[PDB]
Amino acid sequence: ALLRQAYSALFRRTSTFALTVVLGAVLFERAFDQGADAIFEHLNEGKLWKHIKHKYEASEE
Amino acid sequence: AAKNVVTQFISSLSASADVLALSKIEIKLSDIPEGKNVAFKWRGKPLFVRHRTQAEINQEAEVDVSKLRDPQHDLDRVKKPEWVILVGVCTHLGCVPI
Amino acid sequence: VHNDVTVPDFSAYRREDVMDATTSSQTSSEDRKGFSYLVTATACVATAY
Amino acid sequence: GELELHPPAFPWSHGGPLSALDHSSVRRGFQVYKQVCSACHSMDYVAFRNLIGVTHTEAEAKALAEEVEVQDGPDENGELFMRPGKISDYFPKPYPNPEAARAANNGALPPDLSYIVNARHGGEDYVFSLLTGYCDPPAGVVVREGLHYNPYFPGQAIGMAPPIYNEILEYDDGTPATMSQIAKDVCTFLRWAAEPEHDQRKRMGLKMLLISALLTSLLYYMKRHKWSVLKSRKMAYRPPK
Amino acid sequence: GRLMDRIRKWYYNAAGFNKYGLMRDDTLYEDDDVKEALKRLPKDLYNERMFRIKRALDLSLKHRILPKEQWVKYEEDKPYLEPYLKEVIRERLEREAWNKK
Amino acid sequence: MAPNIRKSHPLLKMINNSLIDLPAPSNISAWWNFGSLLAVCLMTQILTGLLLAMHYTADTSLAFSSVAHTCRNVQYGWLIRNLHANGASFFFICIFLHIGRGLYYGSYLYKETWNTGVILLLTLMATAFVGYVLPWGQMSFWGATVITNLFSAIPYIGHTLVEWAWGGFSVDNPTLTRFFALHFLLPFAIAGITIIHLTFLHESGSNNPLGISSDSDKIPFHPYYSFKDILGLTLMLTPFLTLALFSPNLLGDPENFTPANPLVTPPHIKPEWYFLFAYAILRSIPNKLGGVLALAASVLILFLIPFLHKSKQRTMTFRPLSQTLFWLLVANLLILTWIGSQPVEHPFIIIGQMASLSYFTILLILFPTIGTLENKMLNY
Amino acid sequence: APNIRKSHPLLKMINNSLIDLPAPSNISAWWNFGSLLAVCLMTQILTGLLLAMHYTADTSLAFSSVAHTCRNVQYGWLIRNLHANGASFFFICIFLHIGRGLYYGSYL
Amino acid sequence: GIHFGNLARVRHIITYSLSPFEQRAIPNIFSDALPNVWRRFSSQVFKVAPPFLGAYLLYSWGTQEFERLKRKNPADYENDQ
Ligand code: HEC
Ligand code: HEM
Ligand code: HEM
Ligand code: HEM
Ligand code: HEM
Ligand SMILES: CC(/C=C/[C@@]1(C)[C@H](C)CCC(=O)[C@@H]1C)=C\Cc1c(O)c(Cl)c(C)c(C=O)c1O
Ligand SMILES: CC(/C=C/[C@@]1(C)[C@H](C)CCC(=O)[C@@H]1C)=C\Cc1c(O)c(Cl)c(C)c(C=O)c1O
Ligand SMILES: CC(/C=C/[C@@]1(C)[C@H](C)CCC(=O)[C@@H]1C)=C\Cc1c(O)c(Cl)c(C)c(C=O)c1O
Ligand SMILES: CCCCCCCCO[C@@H]1O[C@H](CO)[C@@H](O)[C@H](O)[C@H]1O
Ligand code: FES
């Protein structure tokens with residue numbers, strides 16, 4: 001039972017609660033960032049400079 | 001002492017000494033063709049110089065000088081009936097009449 | 001007299017786990033709180049971000 | 001007297017709340033401005049460095065700026081002197097001051113195009129319709145000499161003769177330079193110019209919705225959670241007898 | 001002609017304070033006279049008026065009302081404060097006039 | 001002595017005695033969340049404001065380009081500029097609902113809390129106005145010209161009062177620098193008075209929807225209303241950000257993208273949306289002084305509300321006639337705003353004078369009348 | 001009630017912190033710096049604004065704006081002075097205010 | 001200062017409440033919540049809506065009528081030569 005496992009280990013002690021929020025926020029960030037950027041770039045295929053880029057970037061001369 | 005110190009501070013807002021009190025401006029009546037109005041930068045706010053056609057010079061002189069907010073006849077407002085000169089500033093709250 | 005006084009029925013509002021008058025509410029506590037505290041822990045994480 | 005034709009609504013690739021600008025179309029837009037409009041239109045708030053990573057490579061940008069002569073100084077004898085452009089220079093003003101700009105356009109003042117799409121109702125939809133909308137004046141309408149008829153311009157008499165015509169230039173990327181193809185591109189540019197953030201501003205807007213969604217929820221629960229105590233509350237009036 | 005009656009009874013149901021179980025008098029805004037009047041209410045009439053109110057507030061926090069059955073009825077509304085208040089306002093006008101003399 | 005260090009400490013006893021142990025009616029509706037939102041705006045405005053002030057340059061020959069630079073160059077400057085400008089709008093939206101609530105629920109019976117409120121409103125207005133002038137665009141200028149010109153309607157000391165205002169004999173640099181000074185300053189005076197607003201409040205306590213004493217049922221501000229306000233925050237914040245991030249200029253006039261021209265007044269010159277309704281009234285009275293007076297009164301009339309209360313009940317919850325009149329009034333303002341955004345031509349001109357006449361009657365004559373009437377229908 | 005000096009939420013403050021305030025009957029002149037310090041603050045702030053209304057925060061214009069503020073702004077020169085010297089008298093005063101505290105153990 | 005203890009005089013009122021951890025956050029969403037959301041909507045929509053719907057018309061009218069006055073009336077140039 002995670003709810004109990006979590007409560008007992010993370011949420012009970014107001015000090016471990018904080019460590020969870022920090023440790024969590026860190027993970028949440030790194031992932032939420034990729035995901036969104038990934039969703040955004042996909043929604044705009046071939047329009048961003050990230051895409052066009054290869055045509056002039058060390059390709060000529 | 002008080003009155004005097006306020007006197008000073010309060011006039012610290014008035015116009016400085018560098019703010020002028022300048023001259024005039026010449027304009028060739030050959031740049032302003034008949035049937036047109038033109039704007040010249042002058043003494044801060046706009047300045048109009050209008051070459052009126054007689055098609056207009058009639059309307060302006062044919063009106064109830066008694067039914068005017070400010071009663072004046074087109075004749076004693078301008079000298080040459082073809083050239084009306086005025087300060088382009090609405091008398092209400094200062095915008096420039098189109 | 002205070003003998004005729006009784007606590008009305010909160011079944012209309014009780015959580016599923018503490019609805020039965022004959023089961024130790026104590027077993028499901030750890031969860032009931034873990035869930036509510038998890039919502040708060042997240043809000044904190046979402047805001048922290 | 002106070003009649004006007006309003007432009008329609010074209011489906012720009014960057015119209016969507018989540019749609020970025022087509023950086024390919026902006027690179028072209030730039031070319032159009034650089035080889036056609038920059039002849040009378042200034043773009044004081046954009047600079048060669050701004051093109052870097054958006055539409056051009058650092059090499060390109062730098063060379064693009066060295067193609068221009070820039071006044072600098074003073075030197076050791078307090079003398080001004082020409083020099084080649086640096087990526088840190090702003091796009092070149094085609095006239096030293098409005099007075100002279102009018103002086104070579106029949107007294108007409110070609111506005112700086114930096115913030116244009118936001119200074120005119122219709123934005124790119126307007127600018128476009130106006131570029132492609134030149135035509136003959138209808139029965140009864142006489143256009144003053146030196147002016148041109150455009151129904152899309154307020155007053156219908158515009159001081160800019162139609163700037164673009166088929167093949168007037170050549171997109172070095174191999175895109176058929178038809179007239180609307182150009183207009184369409186240069187307008188896409190005038191947007192990027194009036195607000196470079198555009199793309200990032202929308203990527204953020206995305207992140208904002210997700211977190212906003214998630215968070216409003218979490219807190220709605222927490223608010224209900226606490227309040228329950230009061231929501232379920234029951235009271236009775238038992239006066240003594 | 002039962003017009004005024006017809007109207008009053010209409011306005012009464014229109015107001016809707018009865019949906020909370022409040023008497024027309026439980027809604028009076030507490031200015032100076034009303035405050036005095038209330039202090040002159042007999043213990044029980046005051047304790048009932050209190051519950052009615054504490055109950056209406058609880059309804060309002062919950063965003064509910066009483067089940068149609070329990071709604072006060074235009075003719076069963078006891079104007080429990082009306083007579084006290086009128087005396088308070090009459091005692092007051094006397095003072096006011098007497099101090100100008 | 002005092003056991004906890006929450007009730008004794010000369011400071012925490014304040015954070016605690018005015019937002020944590022504060023007695024709040026248990027039934028205040030969402031219409032009471034605007035107080036905090038207004039408060040939050042103030043802090044957000046002030047913050048984003050400073051950030052901007054650190055890149056602005058109060059000088060005609062440099063104002064416009066400084067703001068432009070602030071956006072195109074300053075990291076995240078563009079975002080800060082947006083937030084500051086759109087906060088100004090959400091600030092006004094919030095303040096308008098904050099007021100309506102007061103009006104509809106007779107909170108104005110709390111005279112001092114109310115009067116300081118009105119003072120707040122006027123101050124926020126003056127602030128938002130001069131802010132709007134700093135970027136020195138076309139509206140910026142012509143706005144500066146018309147509003148300072150308003151004193152010109154005051155006989156004698158009038159034409160002079162305009163001289164200070166400008167610092168010269170026509171809007172120019174001095175006006176722009178003493179405006180930046182003024183803008184920088186006022187917000188704080190706002191924050192200051194806000195403290196008093198809230199202090200007078202505290203003497204009595206909050207009002208509540210039914211308008212009957214809630215002493216029989218108070219609750220600690222925290223966690224009841226602190227949580228409720230956090231939520232109320234994340235709600236206003238969503239469209240504020242949806243707006244500022246997805247459609248930046250939706251709410252704002254575009255004339256301000258054109259550097260001020262002392263010689264040309266744009267033909268489509270309107271004020272920022274939140275002032276339209278007044279602009280509408282000003283354009284009604286076809287006389288210099290009348291229009292000015294009507295304008296002044298269009299806001300100053302708020303000071304009279306407390307005195308035009310005839311109902312024997314406090315709120316409109318149980319007053320169906322006042323309600324209709326109240327909502328008829330709202331739609332009434334909603335119209336003036338539309339009118340303010342249209343040219344001075346028929347049918348507008350006539351519709352205009354109407355809505356204005358309508359505005360002042362619903363407030364000075366109707367309300368107090370229907371109020372008395374209602375008292376009789378209850379048999380009072 | 002009774003007096004409107006002790007009840008009013010505001011005047012009860014002007015009165016309760018500077019008019020009915022309990023003061024030792026033997027405080028010396030070394031106690032007058034509190035108010036002088038206060039007075040400075042208001043004077044500094046006031047003269048400051050007056051100046052901010054003519055200053056221009058920009059390298060290519062800061063120096064000449066102050067210079068203009070003096071030579072052109074009516075009484076600008078006086079205001080500039082007062083502001084600059086107030087900065088000094090403010091420090092003088094704050095220094096004596098501190099010593100006093102040190103010498104009389106007010107730091108307790 | 002402190003207002004918890006002075007407020008008012010109350011007698012004979014019992015109130016029972018349950019911890020938040022024993023009950024549901026948003027209970028009876030269907031049987032209770034929505035029914036009242038509707039209950040409320042109904043009672044109020046006729047005091048509010050009317051005047052808005054009213055101003056709406058006046059908006060649509062004055063708008064379309066300002067447009068009509070832009071168009072030309074043939075009867076002006078049906079005599080011209
Ligand atoms: C010969 C100089 C010249 C060239 C080349 C030119 N324009 Fe212009 N443009 C003008 C003039 C002159 C005006 C001013 C018209 C007026 O106000 O009478 C103008 C105005 C404009 C306006 C709208 C002004 C308004 O008031 O709405 C836009 C938009 C514009 N030009 C875009 C362009 C674009 C895009 C191109 C390049 C594809 C271009 N112009 C090339 C001269 C030119
Ligand atoms: C800087 C502007 C303002 C801020 C930040 C502000 C803040 C507050 C706060 C936080 C509250 C308490 C919570 C609430 O009931 O909303 C409040 C209450 C109140 N404010 Fe304001 N206010 C502002 C402007 C005004 C204005 C313009 C008015 C008057 C037209 C006003 C009238 C009131 C009144 C009457 C109360 C008591 C509300 C009640 O009956 O519960 N306020 N204000
Ligand atoms: C009462 C809170 C505030 C309000 C209502 C407010 C409002 C405004 C408005 C309406 C503008 C014009 C925005 C635009 O459309 O460009 C503005 C701009 C500005 N404000 Fe404020 N402001 C507030 C506080 C502050 C403060 C205290 C500062 C700085 C400490 C500040 C500094 C500025 C600056 C520098 C600008 C001009 C440049 C720009 O527009 O980005 N503001 N303000
Ligand atoms: C903005 C700066 C300051 C202002 C305007 C200010 C003002 C005041 C005022 C008005 C008083 C009451 C009258 C008096 O006894 O002088 C006071 C008292 C006092 N101040 Fe300051 N003060 C300032 C800075 C300081 C500093 C820098 C210190 C500490 C290093 C200090 C220490 C004290 C103490 C200890 C008292 C109690 C004096 C006593 O024992 O009677 N003050 N201050
Ligand atoms: C804590 C009180 C204040 C102190 C200690 C103070 C001190 C100073 C100092 C040392 C200078 C340089 C003076 C010089 O030219 O030698 C100065 C200048 C200036 N201060 Fe302040 N100031 C205060 C408040 C203010 C405020 C709040 C404003 C305006 C609202 C202001 C505006 C200025 C300006 C514009 C200058 C620069 C131009 C000049 O020197 O005249 N000051 N201030
Ligand atoms: C400004 C504010 C709350 C602000 C914050 C900042 C808290 C201090 C901490 C958590 C938050 O984020 C709130 C928005 C509340 C204003 C405020 C008041 O002053 C008072 Cl007297 C009352 C009765 C209410 C009732 O709702 C209120 O909202
Ligand atoms: C709405 C209004 C004035 C409002 C004030 C003057 C209140 C009457 C008092 C408190 C204030 O400070 C407001 C700014 C004036 C109308 C008004 C404007 O606002 C603006 Cl920006 C402009 C450009 C015009 C042009 O004609 C205008 O007529
Ligand atoms: C700042 C000030 C007084 C200021 C003025 C401004 C009065 C408000 C009105 C008349 C004046 O001119 C004073 C200088 C007093 C400071 C001040 C204090 O705060 C306190 Cl707690 C004490 C005990 C003293 C004792 O002497 C004191 O002087
Ligand atoms: C309450 C709503 C909060 C929304 C938080 C979203 C944080 C914005 O995130 C931003 O995204 C950009 C592009 O992905 C990055 O370049 C920025 O560095 C990053 O801060
Ligand atoms: S009509 Fe008001 S300034 Fe001209």
# chains A, B, ... in the order shown; residues from 1 in each chain; ligands from 1
>>> residues_around(residues="residue 177 of chain F", least_positions_apart="4", cutoff="8 Å", atoms="only C-alpha atoms", output="PyMOL selection string")
(chain F and resi 58-59+173+181) or (chain G and resi 52-56)
>>> residues_around(residues="segment 8-17 of chain C", least_positions_apart="4", cutoff="9 Å", atoms="only C-alpha atoms", output="VMD selection string")
(chain C and resid 23 25 28 to 29 32) or (chain D and resid 232 234) or (chain H and resid 16 to 18 21 to 28)
>>> residues_around(residues="segment 100-105 of chain G", least_positions_apart="3", cutoff="9 Å", atoms="only C-alpha atoms", output="number ranges by chain")
G: 30-31, 95-97, 108
>>> write_last_selection(atoms="N, CA, C and O atoms", output="short mmCIF file (atom, residue, chain, number, x, y, z; two decimals), in the first residue's frame")
data_model
loop_
_atom_site.label_atom_id
_atom_site.label_comp_id
_atom_site.auth_asym_id
_atom_site.auth_seq_id
_atom_site.Cartn_x
_atom_site.Cartn_y
_atom_site.Cartn_z
N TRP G 30 20.65 65.38 24.51
CA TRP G 30 21.13 64.26 23.71
C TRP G 30 19.99 63.36 23.27
O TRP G 30 20.20 62.34 22.61
N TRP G 31 18.78 63.76 23.65
CA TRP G 31 17.60 63.00 23.29
C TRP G 31 16.88 63.67 22.12
O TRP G 31 15.96 63.09 21.54
N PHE G 95 25.10 60.22 14.18
CA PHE G 95 26.29 59.85 14.95
C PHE G 95 26.14 60.23 16.42
O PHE G 95 26.50 59.47 17.32
N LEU G 96 25.61 61.42 16.67
CA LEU G 96 25.38 61.81 18.04
C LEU G 96 24.26 60.90 18.60
O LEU G 96 24.37 60.42 19.72
N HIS G 97 23.21 60.65 17.82
CA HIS G 97 22.10 59.78 18.25
C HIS G 97 22.68 58.44 18.72
O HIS G 97 22.21 57.87 19.70
N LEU G 108 20.38 48.70 25.68
CA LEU G 108 19.84 47.61 26.47
C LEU G 108 18.42 47.36 26.00
O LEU G 108 17.77 46.38 26.39
#
>>> residues_near_ligand(ligand="ligand 5", cutoff="8 Å", atoms="only C-alpha atoms and all ligand atoms", output="list in words")
residues 181 and 185 of chain F; 40, 41, 44, 45, 46, 47, 48, 49, 50, 51, 52, 53, 54, 55, 56, 66, 69, 79, 80, 81, 83, 84, 85, 86, 87, 88 and 90 of chain G
>>> residues_near_ligand(ligand="ligand 9", cutoff="12 Å", atoms="only C-alpha atoms and all ligand atoms", output="PyMOL selection string")
(chain A and resi 29-30+32-41) or (chain C and resi 43+45-49) or (chain D and resi 197-216) or (chain F and resi 75-76+79+230-231+233-242+244-245)
>>> decode(residues="segment 327-358 of chain F", atoms="N, CA, C and O atoms", output="PDB file, in the first residue's frame")
ATOM      1  N   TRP F 327     -28.457  45.478 -11.455  1.00  0.00           N
ATOM      2  CA  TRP F 327     -27.950  44.859 -12.678  1.00  0.00           C
ATOM      3  C   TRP F 327     -28.230  45.686 -13.893  1.00  0.00           C
ATOM      4  O   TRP F 327     -27.564  45.550 -14.907  1.00  0.00           O
ATOM      5  N   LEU F 328     -29.229  46.548 -13.788  1.00  0.00           N
ATOM      6  CA  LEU F 328     -29.576  47.410 -14.892  1.00  0.00           C
ATOM      7  C   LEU F 328     -28.491  48.458 -14.962  1.00  0.00           C
ATOM      8  O   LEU F 328     -28.153  48.960 -16.026  1.00  0.00           O
ATOM      9  N   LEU F 329     -27.952  48.779 -13.796  1.00  0.00           N
ATOM     10  CA  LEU F 329     -26.875  49.747 -13.685  1.00  0.00           C
ATOM     11  C   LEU F 329     -25.591  49.181 -14.248  1.00  0.00           C
ATOM     12  O   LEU F 329     -24.838  49.893 -14.908  1.00  0.00           O
ATOM     13  N   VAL F 330     -25.319  47.911 -13.966  1.00  0.00           N
ATOM     14  CA  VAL F 330     -24.097  47.324 -14.479  1.00  0.00           C
ATOM     15  C   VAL F 330     -24.128  47.384 -15.997  1.00  0.00           C
ATOM     16  O   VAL F 330     -23.213  47.915 -16.617  1.00  0.00           O
ATOM     17  N   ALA F 331     -25.192  46.861 -16.598  1.00  0.00           N
ATOM     18  CA  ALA F 331     -25.315  46.881 -18.058  1.00  0.00           C
ATOM     19  C   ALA F 331     -25.196  48.329 -18.535  1.00  0.00           C
ATOM     20  O   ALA F 331     -24.747  48.609 -19.658  1.00  0.00           O
ATOM     21  N   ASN F 332     -25.596  49.247 -17.664  1.00  0.00           N
ATOM     22  CA  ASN F 332     -25.538  50.650 -17.995  1.00  0.00           C
ATOM     23  C   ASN F 332     -24.086  51.112 -18.218  1.00  0.00           C
ATOM     24  O   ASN F 332     -23.809  51.863 -19.160  1.00  0.00           O
ATOM     25  N   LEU F 333     -23.158  50.657 -17.371  1.00  0.00           N
ATOM     26  CA  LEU F 333     -21.744  51.044 -17.498  1.00  0.00           C
ATOM     27  C   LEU F 333     -21.138  50.333 -18.689  1.00  0.00           C
ATOM     28  O   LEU F 333     -20.385  50.909 -19.474  1.00  0.00           O
ATOM     29  N   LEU F 334     -21.486  49.059 -18.797  1.00  0.00           N
ATOM     30  CA  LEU F 334     -21.033  48.188 -19.868  1.00  0.00           C
ATOM     31  C   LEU F 334     -21.295  48.856 -21.214  1.00  0.00           C
ATOM     32  O   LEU F 334     -20.554  48.664 -22.156  1.00  0.00           O
ATOM     33  N   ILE F 335     -22.352  49.653 -21.288  1.00  0.00           N
ATOM     34  CA  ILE F 335     -22.686  50.353 -22.512  1.00  0.00           C
ATOM     35  C   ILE F 335     -21.788  51.545 -22.709  1.00  0.00           C
ATOM     36  O   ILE F 335     -21.229  51.716 -23.784  1.00  0.00           O
ATOM     37  N   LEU F 336     -21.660  52.377 -21.680  1.00  0.00           N
ATOM     38  CA  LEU F 336     -20.811  53.557 -21.772  1.00  0.00           C
ATOM     39  C   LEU F 336     -19.422  53.153 -22.266  1.00  0.00           C
ATOM     40  O   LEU F 336     -18.779  53.887 -23.029  1.00  0.00           O
ATOM     41  N   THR F 337     -18.962  51.971 -21.873  1.00  0.00           N
ATOM     42  CA  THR F 337     -17.640  51.542 -22.299  1.00  0.00           C
ATOM     43  C   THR F 337     -17.619  51.362 -23.804  1.00  0.00           C
ATOM     44  O   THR F 337     -16.688  51.778 -24.484  1.00  0.00           O
ATOM     45  N   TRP F 338     -18.662  50.737 -24.319  1.00  0.00           N
ATOM     46  CA  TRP F 338     -18.779  50.538 -25.752  1.00  0.00           C
ATOM     47  C   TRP F 338     -18.818  51.903 -26.417  1.00  0.00           C
ATOM     48  O   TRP F 338     -18.107  52.148 -27.385  1.00  0.00           O
ATOM     49  N   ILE F 339     -19.655  52.791 -25.886  1.00  0.00           N
ATOM     50  CA  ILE F 339     -19.776  54.123 -26.426  1.00  0.00           C
ATOM     51  C   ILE F 339     -18.446  54.831 -26.447  1.00  0.00           C
ATOM     52  O   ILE F 339     -18.126  55.512 -27.415  1.00  0.00           O
ATOM     53  N   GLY F 340     -17.676  54.681 -25.373  1.00  0.00           N
ATOM     54  CA  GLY F 340     -16.377  55.331 -25.287  1.00  0.00           C
ATOM     55  C   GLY F 340     -15.410  54.860 -26.350  1.00  0.00           C
ATOM     56  O   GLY F 340     -14.454  55.560 -26.686  1.00  0.00           O
ATOM     57  N   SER F 341     -15.671  53.673 -26.888  1.00  0.00           N
ATOM     58  CA  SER F 341     -14.828  53.099 -27.929  1.00  0.00           C
ATOM     59  C   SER F 341     -15.344  53.355 -29.345  1.00  0.00           C
ATOM     60  O   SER F 341     -14.860  52.744 -30.298  1.00  0.00           O
ATOM     61  N   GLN F 342     -16.335  54.232 -29.480  1.00  0.00           N
ATOM     62  CA  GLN F 342     -16.907  54.564 -30.775  1.00  0.00           C
ATOM     63  C   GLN F 342     -16.755  56.047 -31.057  1.00  0.00           C
ATOM     64  O   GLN F 342     -16.584  56.834 -30.127  1.00  0.00           O
ATOM     65  N   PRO F 343     -16.823  56.459 -32.343  1.00  0.00           N
ATOM     66  CA  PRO F 343     -16.689  57.872 -32.728  1.00  0.00           C
ATOM     67  C   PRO F 343     -17.825  58.755 -32.253  1.00  0.00           C
ATOM     68  O   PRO F 343     -18.878  58.256 -31.834  1.00  0.00           O
ATOM     69  N   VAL F 344     -17.587  60.068 -32.298  1.00  0.00           N
ATOM     70  CA  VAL F 344     -18.583  61.043 -31.863  1.00  0.00           C
ATOM     71  C   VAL F 344     -19.509  61.397 -33.034  1.00  0.00           C
ATOM     72  O   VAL F 344     -19.424  62.483 -33.622  1.00  0.00           O
ATOM     73  N   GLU F 345     -20.386  60.440 -33.346  1.00  0.00           N
ATOM     74  CA  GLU F 345     -21.349  60.506 -34.436  1.00  0.00           C
ATOM     75  C   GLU F 345     -22.635  59.771 -34.058  1.00  0.00           C
ATOM     76  O   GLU F 345     -22.634  58.908 -33.176  1.00  0.00           O
ATOM     77  N   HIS F 346     -23.727  60.100 -34.738  1.00  0.00           N
ATOM     78  CA  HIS F 346     -25.006  59.452 -34.485  1.00  0.00           C
ATOM     79  C   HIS F 346     -24.795  57.988 -34.876  1.00  0.00           C
ATOM     80  O   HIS F 346     -23.960  57.713 -35.739  1.00  0.00           O
ATOM     81  N   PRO F 347     -25.508  57.027 -34.241  1.00  0.00           N
ATOM     82  CA  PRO F 347     -26.515  57.110 -33.174  1.00  0.00           C
ATOM     83  C   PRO F 347     -25.846  57.185 -31.811  1.00  0.00           C
ATOM     84  O   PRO F 347     -26.491  57.463 -30.803  1.00  0.00           O
ATOM     85  N   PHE F 348     -24.545  56.922 -31.805  1.00  0.00           N
ATOM     86  CA  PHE F 348     -23.739  56.944 -30.602  1.00  0.00           C
ATOM     87  C   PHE F 348     -23.951  58.153 -29.706  1.00  0.00           C
ATOM     88  O   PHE F 348     -24.203  58.009 -28.513  1.00  0.00           O
ATOM     89  N   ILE F 349     -23.846  59.349 -30.268  1.00  0.00           N
ATOM     90  CA  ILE F 349     -23.985  60.541 -29.449  1.00  0.00           C
ATOM     91  C   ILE F 349     -25.250  60.503 -28.639  1.00  0.00           C
ATOM     92  O   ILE F 349     -25.227  60.778 -27.442  1.00  0.00           O
ATOM     93  N   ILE F 350     -26.360  60.138 -29.267  1.00  0.00           N
ATOM     94  CA  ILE F 350     -27.607  60.112 -28.514  1.00  0.00           C
ATOM     95  C   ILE F 350     -27.613  58.983 -27.471  1.00  0.00           C
ATOM     96  O   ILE F 350     -27.948  59.219 -26.308  1.00  0.00           O
ATOM     97  N   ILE F 351     -27.224  57.776 -27.883  1.00  0.00           N
ATOM     98  CA  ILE F 351     -27.165  56.630 -26.974  1.00  0.00           C
ATOM     99  C   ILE F 351     -26.288  57.023 -25.791  1.00  0.00           C
ATOM    100  O   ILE F 351     -26.574  56.656 -24.649  1.00  0.00           O
ATOM    101  N   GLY F 352     -25.219  57.766 -26.084  1.00  0.00           N
ATOM    102  CA  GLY F 352     -24.298  58.228 -25.059  1.00  0.00           C
ATOM    103  C   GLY F 352     -24.972  59.079 -23.995  1.00  0.00           C
ATOM    104  O   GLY F 352     -25.094  58.675 -22.837  1.00  0.00           O
ATOM    105  N   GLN F 353     -25.412  60.265 -24.371  1.00  0.00           N
ATOM    106  CA  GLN F 353     -26.079  61.120 -23.415  1.00  0.00           C
ATOM    107  C   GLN F 353     -27.086  60.310 -22.583  1.00  0.00           C
ATOM    108  O   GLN F 353     -27.246  60.531 -21.389  1.00  0.00           O
ATOM    109  N   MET F 354     -27.756  59.357 -23.211  1.00  0.00           N
ATOM    110  CA  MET F 354     -28.724  58.557 -22.488  1.00  0.00           C
ATOM    111  C   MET F 354     -28.102  57.790 -21.358  1.00  0.00           C
ATOM    112  O   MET F 354     -28.430  58.028 -20.204  1.00  0.00           O
ATOM    113  N   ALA F 355     -27.207  56.863 -21.690  1.00  0.00           N
ATOM    114  CA  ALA F 355     -26.513  56.041 -20.687  1.00  0.00           C
ATOM    115  C   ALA F 355     -25.955  56.875 -19.525  1.00  0.00           C
ATOM    116  O   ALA F 355     -26.016  56.448 -18.371  1.00  0.00           O
ATOM    117  N   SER F 356     -25.411  58.051 -19.827  1.00  0.00           N
ATOM    118  CA  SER F 356     -24.902  58.938 -18.785  1.00  0.00           C
ATOM    119  C   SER F 356     -26.051  59.382 -17.892  1.00  0.00           C
ATOM    120  O   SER F 356     -26.048  59.151 -16.690  1.00  0.00           O
ATOM    121  N   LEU F 357     -27.035  60.031 -18.491  1.00  0.00           N
ATOM    122  CA  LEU F 357     -28.212  60.494 -17.766  1.00  0.00           C
ATOM    123  C   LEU F 357     -28.729  59.335 -16.915  1.00  0.00           C
ATOM    124  O   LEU F 357     -29.111  59.500 -15.763  1.00  0.00           O
ATOM    125  N   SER F 358     -28.708  58.154 -17.520  1.00  0.00           N
ATOM    126  CA  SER F 358     -29.148  56.909 -16.914  1.00  0.00           C
ATOM    127  C   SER F 358     -28.289  56.540 -15.696  1.00  0.00           C
ATOM    128  O   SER F 358     -28.789  56.166 -14.632  1.00  0.00           O
TER     129      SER F 358
END
